[PDB]
Amino acid sequence: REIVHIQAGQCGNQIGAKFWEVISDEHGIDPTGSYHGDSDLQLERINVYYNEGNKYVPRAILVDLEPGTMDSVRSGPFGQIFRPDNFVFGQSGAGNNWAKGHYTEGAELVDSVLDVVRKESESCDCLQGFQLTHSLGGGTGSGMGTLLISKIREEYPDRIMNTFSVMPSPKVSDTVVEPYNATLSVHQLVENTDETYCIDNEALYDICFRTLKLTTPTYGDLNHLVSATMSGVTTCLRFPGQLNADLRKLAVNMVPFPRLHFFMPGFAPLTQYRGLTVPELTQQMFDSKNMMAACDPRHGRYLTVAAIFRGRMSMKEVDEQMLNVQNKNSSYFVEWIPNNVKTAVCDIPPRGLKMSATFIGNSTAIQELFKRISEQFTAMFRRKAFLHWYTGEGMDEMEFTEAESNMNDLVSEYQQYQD
Amino acid sequence: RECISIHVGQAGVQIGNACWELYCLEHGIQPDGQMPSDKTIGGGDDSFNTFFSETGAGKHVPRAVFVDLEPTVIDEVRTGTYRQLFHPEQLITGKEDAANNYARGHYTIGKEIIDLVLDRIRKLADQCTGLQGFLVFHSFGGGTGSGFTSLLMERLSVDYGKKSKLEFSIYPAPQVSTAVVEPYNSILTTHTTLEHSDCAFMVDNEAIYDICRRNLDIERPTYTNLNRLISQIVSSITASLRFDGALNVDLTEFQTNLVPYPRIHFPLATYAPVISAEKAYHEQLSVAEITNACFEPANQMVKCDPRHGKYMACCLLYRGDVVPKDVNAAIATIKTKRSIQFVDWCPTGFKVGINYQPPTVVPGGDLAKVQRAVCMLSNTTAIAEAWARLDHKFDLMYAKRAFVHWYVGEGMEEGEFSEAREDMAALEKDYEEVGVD
Amino acid sequence: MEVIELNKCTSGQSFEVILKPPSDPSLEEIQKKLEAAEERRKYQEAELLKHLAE
Amino acid sequence: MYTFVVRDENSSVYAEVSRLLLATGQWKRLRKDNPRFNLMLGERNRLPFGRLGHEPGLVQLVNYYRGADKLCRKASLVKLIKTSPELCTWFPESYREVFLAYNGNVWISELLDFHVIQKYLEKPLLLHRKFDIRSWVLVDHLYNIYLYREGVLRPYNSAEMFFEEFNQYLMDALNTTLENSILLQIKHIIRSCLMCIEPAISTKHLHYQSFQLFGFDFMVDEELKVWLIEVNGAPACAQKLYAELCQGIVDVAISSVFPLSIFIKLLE
Ligand SMILES: COc1cc([C@@H]2c3cc4c(cc3[C@@H](Nc3ccc5[nH]ncc5c3)[C@H]3COC(=O)[C@H]23)OCO4)cc(OC)c1OC
Ligand SMILES: Nc1nc2c(ncn2[C@@H]2O[C@H](COP(=O)(O)OP(=O)(O)OP(=O)(O)O)[C@@H](O)[C@H]2O)c(=O)[nH]1
Ligand SMILES: Nc1ncnc2c1ncn2[C@@H]1O[C@H](COP(=O)(O)OP(=O)(O)CP(=O)(O)O)[C@@H](O)[C@H]1O
Ligand SMILES: Nc1nc2c(ncn2[C@@H]2O[C@H](COP(=O)(O)OP(=O)(O)O)[C@@H](O)[C@H]2O)c(=O)[nH]1
Ligand SMILES: [Ca+2]
Ligand SMILES: [Mg+2]
Ligand SMILES: [Mg+2]
Ligand code: NA
């Protein structure tokens, strides 16, 4: 059950690169690909994200319309570990236009990328599906990313499709036209992804600014929370244990209805030598200020929830905490889905933490995020502002209208069940 | 006469490995399969030959097949101590599991592997001179356990027709790991196998789990604990087939003695005494004591209150130092101080089998060896309580049609949910008619 | 309580105490259902591939 | 903190009890269908017990004893007296054809044309004033019998009074205390019924625990002998006695299981 990782665009390539670094450390793989871990656990499911001179190579394909981002990764610490042939980029760049990526200047490279993917999928003994990282509000990963997803779905319609999509935010914005690109991407994902982890570039900032007390968070700061969250969700897949989660089972248990495949990640300790108590981890995990999506769970209701606790800790005390939360917060849990919350414990703790907790929740509150994006789109789209940059590529206002609508429907759906 | 056991899903396999281990310890067969006690090298018609076969080398091989849609579990058997014991063909693994989906294991993945498993079963049947039936062990929640099992039930009902088949299903427990869609899977597989199953013993992980916390003082029972306790219970039931006895000596005797009506083929099990091996000295419970413990819900494998249900049949199976007089005395005492009521169409009686051989506990297990034990198999309407619960759950999800799509996507149709749910609803009415006055 | 059907053997004994007296589907049909799904499934997959082509 | 779910809105007594639970600052009301309730004011009819006591890491308690309808229902009560060996002079005879075997002969032909046939108490103790002795008895999860101290006594022709006042009349008019004249037989009657049905309804080892308040009707004759009329599974309470009894119910039953005497300990 190999997972073909795929990272596109600047943001996608930056966060994906750290994700590899982090999970390589945890799995005791150094930049050269050799292994030096002290426990076999590390090598027991390493094939989920690595392929083996007894060296593990990440099963990752890097994609970009400009060399710069991919060249930095190559120069990065683990730049060696990434397979050179898996590097796949062009020179045109996407000028931050979904169009330029999903239509004009991506249709070229997309084929090249599908070839590497095909090669990775062939070697895979049992292809679990595909993992993708991108920023819904840019050009290559917003637009070209959703294009590759569609292509991928046609070739591999029996595989799980999961995306770590980085929702753009005014607090951390690059261009006025970022809402437009997000709305188009959102609708692509609604239809061609089974699982999407919404990482709001807003929240991350907040967390950093407020909690972590960082006046001028840089993109690295946000990326650091992102890599941690990533390792979290991916733990059960990487490391063996009682619950050997897989993409399909993950979708089967957390997705009551297809369109509703957007999840609010949460992590604690938000970074330290004082290991938190199992009660502490459990209260922070569900803490809004510890969720990477900028939505209040109290404003909606948890369809489904899944927790993981890495590190040595009392399994019983863990179960007790979870039970308490559910019982004290019964109103925030859908009644129609019995037992909608489940927890799992991994012995290997995150890097540099004695113990942590990762939260994955399909809350109706997630609609807040899409409402924000929809309002922005509406603001500009009501006056057709900046639309010429897309109409120049051959797009049509109607297509903007459609995507706008769909994202509103999705918002409605989350509310329906909320009430 | 021989019993081919079939293990489907993780549970089945797991529990299986356990049952077969206990069987090899009871029957003094070494892990190599070489049984020193056995003097019929590669032959004989002894009682234990019902579940084992003697090779020309003198090794004995269980007459069962371990099969799962994923391999990692059955690979453990292949790499386990009893690895030699089991023949590779007996071990049938696949590439991908049903990912917790009845429809996925029954239709999508069921068809691909159904014939291969039927072939293996058939190779076993051919080696058997007179197959008594098949013992299927599985779990309601998992999608291999439910989907693929129910498909194998229909096939075995067709290919082996007459031969009898006893179930050993694992009712879903929220405390224990469980998928959210497990109530769906449970109803579906129930409905499909309801006519393919001669007698179904359910084991609620919720009950087994608390029993391990309570008697064995285990804070977080692992599957291993739970499976060991279950194996002790299976061994008590399978012991009439594996040893010489007049009670339940063939699979038919279980249905004849315990199942009055085909739909009500689910008998509640209760076992005593469960003692912690960590305790150095344990009070030796009497025949009357163990006998009475059988009438306590804590010692039931499926929580439910028999006081509010009529009995259709009851059988007590003692293992250890137990005499008929003790049993009669305990029965009498308990009857006077117990709220035991049998249906009118049934006589108030208890078929008692006693095996002089004492209970067998695995070395280093958390179960302390006892000098006597009893396991009571009684068909009470109270078991229908466990149906209700599951049913309720289903409903709550099915009203929103939550998680249905997945199944529908596997080719299944939304109507089948209603069919299976009606059938459970009938089965719940039947229980209430037989018992509720 | 009346004990009856008392059988003694080297392995064990059994008896019966009574406190009180009392007052299919054809393989084709199986397979036909399985194949039906197949089709239904296929239909869906086709629809998806056709939406992809559009 | 504690959670409770009120499923019996018509229950006045338990309505007050749930309000007190709210007042404690340690008890909060949940959705009637919310599974994660520590306590349940189940409905008087068709209360679901098969789903109780199966919620992981949750202690569940219910304001009714499963199987207690036998003592409560008038028809089951008579059967219970007659079938039960333990259960009987204090209970007025009640009724097939044996009723005719009629052969004082009042009961409570035309009647048969129009249930149970219990001989009417032709000679009733009159203060000529007929009164009904209402006693409230609560049974916790230990099946300890407790008898609310306060009681209510609810012209005659052959053809609400407090215990204290009634006792005063007994002493002034009959030279006797309510306790020795009537209240001793009440206790014996109560214990007899409850302890008879105790094995059948005991929740000691059951996965859910139970408790329930009962109202017993007693009729005293000219000889000051108490007579059981009916047992009420969901008895109301005197308006004045409501606060004390409900508060007591909360402290003895809700609080013993879920820790945050106006009663007589018949059993303990
Ligand atoms: C938090 O921990 C995780 C849980 C899951 C989901 C999941 C999601 C849920 C849920 C239960 C389950 C659980 N489902 C399951 C599967 C097989 C079973 N067999 N027997 C019981 C049983 C139960 C996981 C075991 O495999 C999965 O992928 C599943 O409840 C509502 O949301 C995936 C993970 O990866 C990202 C994960 O890591 C973080
Ligand atoms: N008692 C016991 N219960 C088990 C065991 N393994 C799994 N379970 C139960 O199994 C249910 C899930 O079914 P599985 O056996 O895991 O599923 P499966 O048959 O492998 O089918 P898949 O879904 O494809 O993996 C849960 O409700 C668990 O409670 C076990 O080894 N012992
Ligand atoms: N055999 C008898 N002799 C004399 N009086 C009787 C009697 N049976 C009943 N009564 C009186 O008639 C009334 C009817 O009895 P019962 O208690 O059944 O009333 P009821 O049907 O309203 C139930 P409850 O009074 O508990 O609400 C009682 O209050 C009692 O005082
Ligand atoms: N968290 C995070 N967000 C980023 C990062 N880089 C860019 N972004 C966001 O990505 C959006 C712009 O997309 P970009 O990376 O430039 O996409 P591209 O056209 O494919 O390169 C902006 O909202 C930034 O907020 C990063 O490294 N980390
Ligand atoms: Ca032999
Ligand atoms: Mg950029
Ligand atoms: Mg499995
Ligand atoms: Na070009």
# chains A, B, ... in the order shown; residues from 1 in each chain; ligands from 1
call {"tool": "select_by_dssp", "arguments": {"residues": "segment 3-53 of chain C", "states": "strand (DSSP E or B)", "output": "mmCIF file with N, CA, C and O atoms, in the first residue's frame"}}
result
data_model
loop_
_atom_site.group_PDB
_atom_site.id
_atom_site.type_symbol
_atom_site.label_atom_id
_atom_site.label_comp_id
_atom_site.auth_asym_id
_atom_site.auth_seq_id
_atom_site.Cartn_x
_atom_site.Cartn_y
_atom_site.Cartn_z
ATOM 1 N N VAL C 3 -33.066 -37.048 36.808
ATOM 2 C CA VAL C 3 -31.885 -37.230 35.968
ATOM 3 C C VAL C 3 -32.165 -38.374 35.003
ATOM 4 O O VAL C 3 -32.759 -39.384 35.376
ATOM 5 N N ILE C 4 -31.773 -38.203 33.744
ATOM 6 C CA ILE C 4 -32.008 -39.228 32.736
ATOM 7 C C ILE C 4 -30.832 -39.205 31.765
ATOM 8 O O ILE C 4 -29.911 -38.390 31.895
ATOM 9 N N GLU C 5 -30.847 -40.119 30.806
ATOM 10 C CA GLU C 5 -29.884 -40.140 29.722
ATOM 11 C C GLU C 5 -28.463 -39.979 30.250
ATOM 12 O O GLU C 5 -27.697 -39.099 29.827
ATOM 13 N N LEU C 6 -28.123 -40.847 31.196
ATOM 14 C CA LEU C 6 -26.835 -40.819 31.859
ATOM 15 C C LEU C 6 -25.877 -41.711 31.080
ATOM 16 O O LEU C 6 -26.048 -42.934 31.037
ATOM 17 N N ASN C 7 -24.891 -41.075 30.439
ATOM 18 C CA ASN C 7 -23.853 -41.717 29.646
ATOM 19 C C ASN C 7 -22.518 -41.455 30.331
ATOM 20 O O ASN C 7 -22.164 -40.297 30.595
ATOM 21 N N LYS C 8 -21.772 -42.528 30.575
ATOM 22 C CA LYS C 8 -20.458 -42.489 31.203
ATOM 23 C C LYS C 8 -19.448 -43.045 30.208
ATOM 24 O O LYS C 8 -19.646 -44.139 29.673
ATOM 25 N N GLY C 12 -15.814 -38.358 29.763
ATOM 26 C CA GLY C 12 -16.714 -37.719 30.712
ATOM 27 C C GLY C 12 -18.020 -38.487 30.820
ATOM 28 O O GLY C 12 -18.105 -39.668 30.459
ATOM 29 N N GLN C 13 -19.037 -37.799 31.349
ATOM 30 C CA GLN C 13 -20.418 -38.261 31.411
ATOM 31 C C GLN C 13 -21.373 -37.112 31.132
ATOM 32 O O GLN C 13 -21.021 -35.935 31.254
ATOM 33 N N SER C 14 -22.585 -37.477 30.730
ATOM 34 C CA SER C 14 -23.650 -36.531 30.462
ATOM 35 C C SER C 14 -24.949 -37.147 30.946
ATOM 36 O O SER C 14 -25.074 -38.367 31.040
ATOM 37 N N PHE C 15 -25.905 -36.281 31.247
ATOM 38 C CA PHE C 15 -27.224 -36.636 31.730
ATOM 39 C C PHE C 15 -28.145 -35.455 31.427
ATOM 40 O O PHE C 15 -27.709 -34.397 30.956
ATOM 41 N N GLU C 16 -29.428 -35.651 31.724
ATOM 42 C CA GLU C 16 -30.490 -34.694 31.443
ATOM 43 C C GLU C 16 -31.376 -34.631 32.679
ATOM 44 O O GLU C 16 -32.054 -35.610 33.002
ATOM 45 N N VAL C 17 -31.362 -33.497 33.372
ATOM 46 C CA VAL C 17 -32.205 -33.262 34.539
ATOM 47 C C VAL C 17 -33.349 -32.344 34.116
ATOM 48 O O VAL C 17 -33.111 -31.255 33.577
ATOM 49 N N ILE C 18 -34.583 -32.781 34.359
ATOM 50 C CA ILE C 18 -35.772 -32.004 34.038
ATOM 51 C C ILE C 18 -36.493 -31.683 35.344
ATOM 52 O O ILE C 18 -37.086 -32.569 35.970
ATOM 53 N N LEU C 19 -36.469 -30.406 35.743
ATOM 54 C CA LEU C 19 -37.231 -29.937 36.907
ATOM 55 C C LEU C 19 -38.746 -30.007 36.691
ATOM 56 O O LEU C 19 -39.491 -30.265 37.643
ATOM 57 N N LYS C 20 -39.233 -29.742 35.475
ATOM 58 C CA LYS C 20 -40.674 -29.679 35.204
ATOM 59 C C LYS C 20 -40.960 -29.986 33.739
ATOM 60 O O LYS C 20 -40.179 -29.584 32.866
#
call {"tool": "interface_residues", "arguments": {"of": "chain A", "to": "chain C", "cutoff": "10 Å", "atoms": "only C-alpha atoms", "output": "list in words"}}
result
residues 150, 151, 153, 154, 155, 157 and 158 of chain A
call {"tool": "residues_around", "arguments": {"residues": "residue 233 of chain D", "least_positions_apart": "6", "cutoff": "7 Å", "atoms": "only C-alpha atoms", "output": "number ranges by chain"}}
result
D: 72, 213-215
call {"tool": "write_last_selection", "arguments": {"atoms": "N, CA and C atoms", "output": "short mmCIF file (atom, residue, chain, number, x, y, z; two decimals), in the first residue's frame"}}
result
data_model
loop_
_atom_site.label_atom_id
_atom_site.label_comp_id
_atom_site.auth_asym_id
_atom_site.auth_seq_id
_atom_site.Cartn_x
_atom_site.Cartn_y
_atom_site.Cartn_z
N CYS D 72 -46.97 -3.08 40.80
CA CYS D 72 -47.71 -1.84 40.61
C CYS D 72 -49.09 -2.09 40.01
N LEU D 213 -39.51 5.67 43.21
CA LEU D 213 -40.44 6.03 44.27
C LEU D 213 -41.78 5.36 44.00
N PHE D 214 -42.44 4.90 45.08
CA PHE D 214 -43.74 4.24 45.01
C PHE D 214 -44.70 4.87 46.02
N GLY D 215 -45.99 4.85 45.66
CA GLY D 215 -47.06 5.21 46.55
C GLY D 215 -47.94 4.00 46.76
#
call {"tool": "residues_near_ligand", "arguments": {"ligand": "ligand 8", "cutoff": "12 Å", "atoms": "only C-alpha atoms and all ligand atoms", "output": "list in words"}}
result
residues 65, 90, 91, 92, 93, 94, 100, 101, 103, 104, 105, 106, 107, 108 and 109 of chain A
call {"tool": "interface_residues", "arguments": {"of": "chain D", "to": "chain A", "cutoff": "10 Å", "atoms": "only C-alpha atoms", "output": "count of residues only"}}
result
16
call {"tool": "residues_near_ligand", "arguments": {"ligand": "ligand 6", "cutoff": "8 Å", "atoms": "only C-alpha atoms and all ligand atoms", "output": "VMD selection string"}}
result
chain A and resid 9 to 11 95 to 96 138 to 139 174
call {"tool": "residues_around", "arguments": {"residues": "segment 177-184 of chain A", "least_positions_apart": "5", "cutoff": "7 Å", "atoms": "only C-alpha atoms", "output": "VMD selection string"}}
result
chain A and resid 97 to 98 136 to 138 142 168 373 376 to 377 386 403 to 404 407
call {"tool": "interface_residues", "arguments": {"of": "chain B", "to": "chain A", "cutoff": "9 Å", "atoms": "only C-alpha atoms", "output": "list in words"}}
result
residues 95, 96, 98, 99, 100, 101, 174, 177, 178, 179, 180, 181, 219, 220, 393, 394, 395, 396, 397, 398, 399, 400, 401, 402, 403, 404, 405 and 406 of chain B
call {"tool": "write_last_selection", "arguments": {"atoms": "N, CA and C atoms", "output": "PDB file, in the first residue's frame"}}
result
ATOM      1  N   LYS B  95      -4.724  -8.950  -1.581  1.00  0.00           N
ATOM      2  CA  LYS B  95      -3.844  -7.792  -1.751  1.00  0.00           C
ATOM      3  C   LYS B  95      -4.366  -6.570  -0.995  1.00  0.00           C
ATOM      4  N   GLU B  96      -5.689  -6.381  -0.999  1.00  0.00           N
ATOM      5  CA  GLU B  96      -6.367  -5.269  -0.358  1.00  0.00           C
ATOM      6  C   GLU B  96      -7.584  -5.771   0.404  1.00  0.00           C
ATOM      7  N   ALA B  98     -11.373  -5.124   2.573  1.00  0.00           N
ATOM      8  CA  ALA B  98     -12.606  -4.464   2.202  1.00  0.00           C
ATOM      9  C   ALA B  98     -12.696  -3.051   2.750  1.00  0.00           C
ATOM     10  N   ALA B  99     -11.657  -2.552   3.413  1.00  0.00           N
ATOM     11  CA  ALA B  99     -11.688  -1.228   4.005  1.00  0.00           C
ATOM     12  C   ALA B  99     -13.035  -0.935   4.693  1.00  0.00           C
ATOM     13  N   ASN B 100     -13.432  -1.868   5.576  1.00  0.00           N
ATOM     14  CA  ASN B 100     -14.546  -1.737   6.529  1.00  0.00           C
ATOM     15  C   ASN B 100     -15.898  -1.617   5.847  1.00  0.00           C
ATOM     16  N   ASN B 101     -16.090  -2.357   4.764  1.00  0.00           N
ATOM     17  CA  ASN B 101     -17.263  -2.164   3.928  1.00  0.00           C
ATOM     18  C   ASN B 101     -17.809  -3.542   3.601  1.00  0.00           C
ATOM     19  N   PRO B 174     -18.116  -0.758  20.873  1.00  0.00           N
ATOM     20  CA  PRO B 174     -17.485   0.578  20.773  1.00  0.00           C
ATOM     21  C   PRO B 174     -16.230   0.769  21.594  1.00  0.00           C
ATOM     22  N   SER B 177     -11.733  -1.257  19.484  1.00  0.00           N
ATOM     23  CA  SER B 177     -11.637  -0.577  18.199  1.00  0.00           C
ATOM     24  C   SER B 177     -12.823  -0.947  17.329  1.00  0.00           C
ATOM     25  N   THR B 178     -13.431   0.049  16.697  1.00  0.00           N
ATOM     26  CA  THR B 178     -14.554  -0.212  15.809  1.00  0.00           C
ATOM     27  C   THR B 178     -14.685   0.949  14.825  1.00  0.00           C
ATOM     28  N   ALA B 179     -14.993   0.607  13.566  1.00  0.00           N
ATOM     29  CA  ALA B 179     -15.323   1.548  12.504  1.00  0.00           C
ATOM     30  C   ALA B 179     -16.730   2.089  12.697  1.00  0.00           C
ATOM     31  N   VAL B 180     -16.991   3.286  12.161  1.00  0.00           N
ATOM     32  CA  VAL B 180     -18.308   3.886  12.393  1.00  0.00           C
ATOM     33  C   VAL B 180     -19.394   3.140  11.634  1.00  0.00           C
ATOM     34  N   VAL B 181     -19.044   2.558  10.502  1.00  0.00           N
ATOM     35  CA  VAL B 181     -20.024   1.940   9.640  1.00  0.00           C
ATOM     36  C   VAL B 181     -20.273   0.498  10.080  1.00  0.00           C
ATOM     37  N   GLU B 219      -6.238  -3.503  32.962  1.00  0.00           N
ATOM     38  CA  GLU B 219      -6.783  -2.164  32.763  1.00  0.00           C
ATOM     39  C   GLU B 219      -7.260  -1.968  31.327  1.00  0.00           C
ATOM     40  N   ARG B 220      -6.422  -2.338  30.364  1.00  0.00           N
ATOM     41  CA  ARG B 220      -6.724  -2.174  28.950  1.00  0.00           C
ATOM     42  C   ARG B 220      -6.541  -3.517  28.270  1.00  0.00           C
ATOM     43  N   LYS B 393     -28.802   1.837  16.219  1.00  0.00           N
ATOM     44  CA  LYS B 393     -27.691   2.544  15.635  1.00  0.00           C
ATOM     45  C   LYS B 393     -27.924   2.681  14.162  1.00  0.00           C
ATOM     46  N   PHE B 394     -28.007   1.562  13.470  1.00  0.00           N
ATOM     47  CA  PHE B 394     -28.274   1.584  12.049  1.00  0.00           C
ATOM     48  C   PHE B 394     -29.211   2.705  11.730  1.00  0.00           C
ATOM     49  N   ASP B 395     -30.435   2.584  12.199  1.00  0.00           N
ATOM     50  CA  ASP B 395     -31.432   3.585  11.926  1.00  0.00           C
ATOM     51  C   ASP B 395     -30.848   4.968  11.987  1.00  0.00           C
ATOM     52  N   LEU B 396     -30.320   5.349  13.135  1.00  0.00           N
ATOM     53  CA  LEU B 396     -29.829   6.728  13.278  1.00  0.00           C
ATOM     54  C   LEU B 396     -28.920   7.133  12.127  1.00  0.00           C
ATOM     55  N   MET B 397     -28.016   6.241  11.726  1.00  0.00           N
ATOM     56  CA  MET B 397     -27.247   6.562  10.541  1.00  0.00           C
ATOM     57  C   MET B 397     -28.098   6.441   9.289  1.00  0.00           C
ATOM     58  N   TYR B 398     -28.948   5.441   9.183  1.00  0.00           N
ATOM     59  CA  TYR B 398     -29.602   5.276   7.891  1.00  0.00           C
ATOM     60  C   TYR B 398     -30.602   6.392   7.595  1.00  0.00           C
ATOM     61  N   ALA B 399     -31.086   7.095   8.627  1.00  0.00           N
ATOM     62  CA  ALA B 399     -32.050   8.179   8.409  1.00  0.00           C
ATOM     63  C   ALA B 399     -31.436   9.316   7.611  1.00  0.00           C
ATOM     64  N   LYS B 400     -30.150   9.579   7.829  1.00  0.00           N
ATOM     65  CA  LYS B 400     -29.391  10.534   7.054  1.00  0.00           C
ATOM     66  C   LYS B 400     -28.737   9.885   5.848  1.00  0.00           C
ATOM     67  N   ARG B 401     -28.835   8.568   5.726  1.00  0.00           N
ATOM     68  CA  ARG B 401     -28.187   7.827   4.660  1.00  0.00           C
ATOM     69  C   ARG B 401     -26.681   8.012   4.750  1.00  0.00           C
ATOM     70  N   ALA B 402     -26.233   8.373   5.929  1.00  0.00           N
ATOM     71  CA  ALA B 402     -24.827   8.565   6.125  1.00  0.00           C
ATOM     72  C   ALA B 402     -24.039   7.370   5.694  1.00  0.00           C
ATOM     73  N   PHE B 403     -22.902   7.605   5.065  1.00  0.00           N
ATOM     74  CA  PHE B 403     -22.000   6.523   4.697  1.00  0.00           C
ATOM     75  C   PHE B 403     -22.561   5.473   3.763  1.00  0.00           C
ATOM     76  N   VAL B 404     -23.785   5.649   3.302  1.00  0.00           N
ATOM     77  CA  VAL B 404     -24.337   4.703   2.360  1.00  0.00           C
ATOM     78  C   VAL B 404     -23.563   4.730   1.062  1.00  0.00           C
ATOM     79  N   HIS B 405     -23.294   5.910   0.541  1.00  0.00           N
ATOM     80  CA  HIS B 405     -22.639   5.991  -0.752  1.00  0.00           C
ATOM     81  C   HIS B 405     -21.549   4.967  -0.931  1.00  0.00           C
ATOM     82  N   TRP B 406     -20.666   4.844   0.034  1.00  0.00           N
ATOM     83  CA  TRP B 406     -19.543   3.946  -0.117  1.00  0.00           C
ATOM     84  C   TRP B 406     -20.029   2.626  -0.587  1.00  0.00           C
TER      85      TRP B 406
END
call {"tool": "closest_atom_pairs", "arguments": {"of": "chain D", "to": "chain B", "cutoff": "9 Å", "atoms": "only C-alpha atoms", "output": "JSON lines"}}
result
{"residue": "D:49", "atom": "CA", "partner": "B:385", "partner_atom": "CA", "distance": 8.8}
{"residue": "D:50", "atom": "CA", "partner": "B:385", "partner_atom": "CA", "distance": 5.2}
{"residue": "D:51", "atom": "CA", "partner": "B:389", "partner_atom": "CA", "distance": 5.8}
{"residue": "D:54", "atom": "CA", "partner": "B:206", "partner_atom": "CA", "distance": 8.1}
{"residue": "D:55", "atom": "CA", "partner": "B:174", "partner_atom": "CA", "distance": 8.2}
{"residue": "D:56", "atom": "CA", "partner": "B:175", "partner_atom": "CA", "distance": 5.9}
{"residue": "D:57", "atom": "CA", "partner": "B:175", "partner_atom": "CA", "distance": 8.7}
{"residue": "D:66", "atom": "CA", "partner": "B:308", "partner_atom": "CA", "distance": 8.8}
{"residue": "D:67", "atom": "CA", "partner": "B:308", "partner_atom": "CA", "distance": 7.7}
{"residue": "D:199", "atom": "CA", "partner": "B:339", "partner_atom": "CA", "distance": 7.5}
{"residue": "D:200", "atom": "CA", "partner": "B:339", "partner_atom": "CA", "distance": 6.3}
{"residue": "D:201", "atom": "CA", "partner": "B:307", "partner_atom": "CA", "distance": 8.4}
{"residue": "D:205", "atom": "CA", "partner": "B:298", "partner_atom": "CA", "distance": 7.4}
{"residue": "D:206", "atom": "CA", "partner": "B:297", "partner_atom": "CA", "distance": 6.9}
{"residue": "D:207", "atom": "CA", "partner": "B:303", "partner_atom": "CA", "distance": 8.0}
call {"tool": "interface_residues", "arguments": {"of": "chain B", "to": "chain C", "cutoff": "7 Å", "atoms": "only C-alpha atoms", "output": "ChimeraX atom specification"}}
result
/B:107,158,243-247,344-356,409-412
call {"tool": "atom_distance", "arguments": {"atom1": "atom CA of residue 327 of chain B", "atom2": "atom CA of residue 288 of chain B"}}
result
6.6 Å
